[PDB]
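Colleague: The following block contains the structure, expressed as structure tokens.
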Amino acid sequence: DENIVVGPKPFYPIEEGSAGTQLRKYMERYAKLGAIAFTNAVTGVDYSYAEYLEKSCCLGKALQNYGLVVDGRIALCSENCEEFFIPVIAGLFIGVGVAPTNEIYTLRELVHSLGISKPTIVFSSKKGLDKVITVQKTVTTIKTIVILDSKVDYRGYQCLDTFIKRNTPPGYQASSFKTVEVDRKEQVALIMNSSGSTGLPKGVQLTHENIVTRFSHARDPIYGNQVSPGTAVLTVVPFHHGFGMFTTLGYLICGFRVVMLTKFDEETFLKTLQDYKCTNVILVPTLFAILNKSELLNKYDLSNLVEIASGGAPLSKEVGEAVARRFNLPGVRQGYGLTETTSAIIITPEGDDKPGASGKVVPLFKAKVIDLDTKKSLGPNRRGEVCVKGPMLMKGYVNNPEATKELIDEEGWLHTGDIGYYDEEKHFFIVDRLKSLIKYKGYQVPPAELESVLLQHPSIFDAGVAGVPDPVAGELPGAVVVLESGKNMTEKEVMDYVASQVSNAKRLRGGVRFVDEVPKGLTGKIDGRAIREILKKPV
Ligand SMILES: Nc1ncnc2c1ncn2[C@@H]1O[C@H](COS(=O)(=O)NC(=O)c2csc(-c3nc4ccc(O)cc4s3)n2)[C@@H](O)[C@H]1O
Ligand SMILES: [Cl-]
Ligand SMILES: [Cl-]
């Protein structure tokens, strides 16, 4: 079938050994070099590769001495912090599955998530502690809570350093520690949760084979970023999420300095770029609003920045192109993936640009676009559902065979739930989620296309679009808008503006509501249910 798009061979073949063995190999190289692995942009704290590797090895041994066996389970519950990956790496080193979660989860989300992954130990931030203690009242199999981001015991709980000290031989040498080999294709490495689900979180099981495949992409000269001392990546992406997890682990394989930024004001962003001589940025497109508006760019030395990359949510072509222009870059690089595909499976290839494109199929993957009704494959420039297949496909959801069957079909193709198309040169364009399409009469209007128009308005800081129920037409497109500081637009002004830029079908017949924050999930996808609720309330 000539409609199937097949990714090329990777420059670097997948290496032997577990994901833990590969991380240990590379981290030890950069440790001996003397390089910095993690930096907190706001506090300036650094962890060298040597320190990060040593603590990860020591924690691995500590978890074994505690009594965890291969295929056991631990979890994190933490906002981004520079210590986040110590339990992740330790788990990978010893064959103990790791379930990352974020402090920002609601209690309903967290109790469900940890109830599925069933961690023996939870590594909690100070901020997340109360939620973890609450969850433990329901998920009574959580034996121990360890404080991740404290150098001292806290509220009666051992901190990470204490847990390590109490569970290792005095004078234990990390250099003696051995990574544990596993059955790579079968052994669960991570249990992940997607953002923006309409239901409660499912546990996505990712294997070592999934992760070592990612490691080839991450360092690829075309589909990743190359090893080069002094590379510093400013990252704003949630670490617990696949987007933050697999970019960050990839950057460690690459030897980069991971410059973790948790404050998103323009001044801190730009100061961070300058002060740490950042070469790369990785973000969710929500951050572009600040960059296109900033009047401060030439106050900072931004000469080191050579790449801005976006993922997780639709990026307006025009917004991205304006930001690339401001930073004098050729374009914004992009990746597209799902938690269930480990990482990005469509990435903009270096040297193979196309305006508006999401990118091309990554090495070792295949992709097709199917007709929404017949499920048959489509040629170029035909919209339908993107389907993918390749060695980063998850093992399956935890204890949910029905959901697995719905996602990955009888021919092994993962149905992404996204609308897209590919052009004659095989560049893929991801439009929006199928579930988000607004059924106005016989049209299927993608909110992202209307959101793009709204974001392009200089008085509109943010926007989200969803469908208002309508007896005659089914659904009407409506918008929730956040105005820029000091600016006003009426509902009519917004509607008339949009009407001047779009087809008749795409008019905001469902109206406009003004809010302080557009409801979105943790990686920037619009919360359609929440938007519909706002639009339903009378002004
Ligand atoms: N680039 C994109 N454009 C438009 N939509 C995008 C998108 N990426 C994710 N999405 C949306 O998120 C949904 C998946 O949500 S999710 O489960 O929470 N998972 C994700 O969003 C997810 C998991 S891994 C990942 C990426 N890894 C990367 C590595 C490098 C890079 O430069 C960019 C990326 S994005 N994203 C998709 O189905 C799609 O709707
Ligand atoms: Cl989201
Ligand atoms: Cl979310």
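Colleague: Going through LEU68, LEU76 one at a time, which residue ends up being under 22 Å from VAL398 (Cβ atoms) and surrounded by fewer than 23 Cβ atoms within 10 Å (Cβ to Cβ)?
Modeller: Values: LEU76 fails: surrounded by fewer than 23 Cβ atoms within 10 Å (Cβ to Cβ).
Testing whether each residue is under 22 Å from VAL398 (Cβ atoms) and surrounded by fewer than 23 Cβ atoms within 10 Å (Cβ to Cβ) leaves just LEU68.
Colleague: Any chance region 498-510 includes a residue that's surrounded by fewer than 19 Cβ atoms within 10 Å (Cβ to Cβ), out of contact with any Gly (no Cβ under 9 Å at 6 or more places or on another chain), in contact (Cβ under 8 Å) with a residue 12 or more places away in the chain and within 23 Å of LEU291 (Cβ to Cβ)?
Modeller: Yes - at least one qualifying residue is present in region 498-510.
Colleague: Still on this structure, I have one more. Name the one entry in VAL284, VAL258 that is touching a residue at least 24 places away in the same chain (Cβ under 8 Å) and within 16 Å of ligand 3 (Cβ to nearest atom). Before you say what the answer is, go through the steps one by one.
Modeller: Values: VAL258 fails: within 16 Å of ligand 3 (Cβ to nearest atom).
The unique qualifying residue is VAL284.
Colleague: One residue is enough: does region 181-193 have a residue meeting the conditions in contact with a helix residue (DSSP H, G or I) (Cβ under 9 Å, 6 or more places away or on another chain) and within 16 Å of ligand 3 (Cβ to nearest atom)?
Modeller: So in region 181-193, the residues in contact with a helix residue (DSSP H, G or I) (Cβ under 9 Å, 6 or more places away or on another chain) come out as 181-193.
Filter once more, so that each one left must be within 16 Å of ligand 3 (Cβ to nearest atom): 192-193.
Yes, region 181-193 contains at least one residue that is in contact with a helix residue (DSSP H, G or I) (Cβ under 9 Å, 6 or more places away or on another chain) and within 16 Å of ligand 3 (Cβ to nearest atom).
Colleague: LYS435 versus (1) assigned to a helix (DSSP H, G or I); (2) within 27 Å of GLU295 (Cα to Cα): which is the lone unmet condition?
Modeller: With respect to (1) assigned to a helix (DSSP H, G or I); (2) within 27 Å of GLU295 (Cα to Cα), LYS435 is out only on (2).
Colleague: Starting from residues that are free of Cβ contacts under 8 Å to residues at least 60 places away in the same chain and surrounded by 19 or more Cβ atoms within 10 Å (Cβ to Cβ), keep the ones in region 454-472 and report whichever is farthest from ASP527 (Cα to Cα).
Modeller: Step by step, filter region 454-472, then rank; the result is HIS457.
Colleague: Could you tell me whether any residue of region 420-429 is acidic (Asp, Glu), over 25 Å from the mean Cα position of the chain (by Cα), surrounded by fewer than 22 Cβ atoms within 10 Å (Cβ to Cβ) and more than 30 Å from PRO8 (Cβ to Cβ)?
Modeller: At the first step, the residues of region 420-429 found to be acidic (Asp, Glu) are 423-425.
Imposing the further condition that a residue be over 25 Å from the mean Cα position of the chain (by Cα) reduces the set to 423-425.
If we keep only those that are surrounded by fewer than 22 Cβ atoms within 10 Å (Cβ to Cβ) too, we end up with 423-425.
Cutting the leftovers down to more than 30 Å from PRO8 (Cβ to Cβ) gives us none.
There is no residue in region 420-429 that is acidic (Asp, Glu), over 25 Å from the mean Cα position of the chain (by Cα), surrounded by fewer than 22 Cβ atoms within 10 Å (Cβ to Cβ) and more than 30 Å from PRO8 (Cβ to Cβ).
Colleague: Now, a different point. Return only the number of the condition from (1) in the same structural domain as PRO87 (by CATH); (2) surrounded by fewer than 23 Cβ atoms within 10 Å (Cβ to Cβ) that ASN193 does not satisfy.
Modeller: (2)
Colleague: When you check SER125 against the structure, is it small (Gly, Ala, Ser), touching a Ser or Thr at 6+ places or on another chain (Cβ under 9 Å) and within 16 Å of ligand 3 (Cβ to nearest atom), yes or no? Lay out the reasoning, then the answer.
Modeller: Working: small (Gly, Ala, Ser): yes; touching a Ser or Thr at 6+ places or on another chain (Cβ under 9 Å): yes; within 16 Å of ligand 3 (Cβ to nearest atom): no.
No.
Colleague: Output the qualifying pairs, or none if there are none: Cβ atoms under 8 angstrom, residues six or more apart or on different chains, first residue in region 306-335 and at positive phi, second residue within 16 Å of ligand 3 (Cβ to nearest atom) and part of a helix (DSSP H, G or I).
Modeller: From residues that are at positive phi, the pairs are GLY312/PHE243; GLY312/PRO285.
Colleague: Another question, then. What are the residues in region 99-122 that are over 16 Å from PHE246 (Cα atoms), within 16 Å of ligand 3 (Cβ to nearest atom) and part of a loop (DSSP other than H, G, I, E, B), if any?
Modeller: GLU103, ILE104, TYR105, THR106
Colleague: When the residues of region 329-342 are filtered to those that are among the small types (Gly, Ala, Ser) and within 16 Å of ligand 2 (Cβ to nearest atom), which remaining residue is nearest to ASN298 (Cα to Cα)?
Modeller: In the first step, residues of region 329-342 are kept if they are among the small types (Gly, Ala, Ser); the result is 331, 335, 337.
Next cut, within 16 Å of ligand 2 (Cβ to nearest atom) only: 335, 337.
Numbers: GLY335: 28, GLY337: 34 Å.
Taking the candidates together, the pick is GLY335.
Colleague: State whether the residues of region 424-437 include one that is free of Cβ contacts under 8 Å to residues at least 40 places away in the same chain, aliphatic (A, V, I, L, M) and out of contact with any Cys (no Cβ under 8 Å at 6 or more places or on another chain).
Modeller: To start, the set of residues in region 424-437 that are free of Cβ contacts under 8 Å to residues at least 40 places away in the same chain comprises 437.
So of that shortlist, the ones also aliphatic (A, V, I, L, M) come out as 437.
Restricting the remaining residues to those that are out of contact with any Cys (no Cβ under 8 Å at 6 or more places or on another chain) gives 437.
Scanning region 424-437, I find at least one residue that is free of Cβ contacts under 8 Å to residues at least 40 places away in the same chain, aliphatic (A, V, I, L, M) and out of contact with any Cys (no Cβ under 8 Å at 6 or more places or on another chain), so the answer is yes.
Colleague: Applying the selection to region 330-364, what residues are assigned to a loop (DSSP other than H, G, I, E, B) and away from ligand 1 (no atom under 13 Å from the Cβ)? Before the answer, list the steps.
Modeller: Here is the first cut: in region 330-364, the ones assigned to a loop (DSSP other than H, G, I, E, B) are 330-332, 338, 342-343, 348-358, 362-364.
Hits for region 330-364 are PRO330, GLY351, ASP352, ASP353, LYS354, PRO355, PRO363, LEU364.
Colleague: How about region 46-95: which of its residues are touching a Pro at 6+ places or on another chain (Cβ under 9 Å) and either among the charged types (D, E, K, R) or outside the structural domain of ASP161 (by CATH) (or both)?
Modeller: Across region 46-95, the qualifying residues are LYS61, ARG73, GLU79.
Colleague: May I pose another question? Just give me the residues in region 190-221 being away from ligand 2 (no atom under 16 Å from the Cβ), under 30 Å from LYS520 (Cα atoms) and in a loop (DSSP other than H, G, I, E, B), in sequence order.
Modeller: Result: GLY203, single match.
Colleague: Also: How about region 219-248: which of its residues are hydrophobic (A, V, I, L, M, F, W, C), in contact with a helix residue (DSSP H, G or I) (Cβ under 8 Å, 6 or more places away or on another chain) and touching a residue at least 40 places away in the same chain (Cβ under 8 Å)? Spell out the reasoning first.
Modeller: So the first thing to find is which residues in region 219-248 are hydrophobic (A, V, I, L, M, F, W, C), and the list is 222, 227, 232-234, 236-237, 239, 243, 245-246.
Still in the running and in contact with a helix residue (DSSP H, G or I) (Cβ under 8 Å, 6 or more places away or on another chain): 227, 233-234, 236-237, 239, 245-246.
Within region 219-248, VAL233, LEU234, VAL236, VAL237, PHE239, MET245, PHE246 meet the criteria.
Colleague: Something else now. Which of the residues belonging to region 194-215 are away from ligand 3 (no atom under 16 Å from the Cβ) and within 18 Å of the chain's Cα centre (by Cα)?
Modeller: Of all residues in region 194-215, those away from ligand 3 (no atom under 16 Å from the Cβ) come to 205-215.
Hits for region 194-215 are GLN205, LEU206, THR207, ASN210, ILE211, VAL212, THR213, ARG214, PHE215.
Colleague: For residues in region 518-538 being away from ligand 3 (no atom under 14 Å from the Cβ) and surrounded by fewer than 17 Cβ atoms within 10 Å (Cβ to Cβ), which is farthest from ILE438 (Cα to Cα)?
Modeller: Within region 518-538, the match that is farthest from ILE438 (Cα to Cα) is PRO538.
Colleague: In region 310-328, which residue that is crowded, with 20+ Cβ neighbours inside 10 Å and assigned to a helix (DSSP H, G or I) is farthest from ligand 2 (Cβ to nearest atom)?
Modeller: Going through the qualifying residues, I end up with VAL323.
Colleague: Of all residues being under 14 Å from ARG214 (Cβ atoms) and of a type in the set (S, T, N, Q) in region 240-264, which is farthest from ligand 1 (Cβ to nearest atom)? Just the residue, please.
Modeller: That would be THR248.
Numbers and lists here come from the model and the stated rules, or from a named source; nothing here is a laboratory result. As a convention, Cβ positions derive from the backbone with ideal geometry for all residues, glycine included, and neighbour counts pool all protein chains shown.
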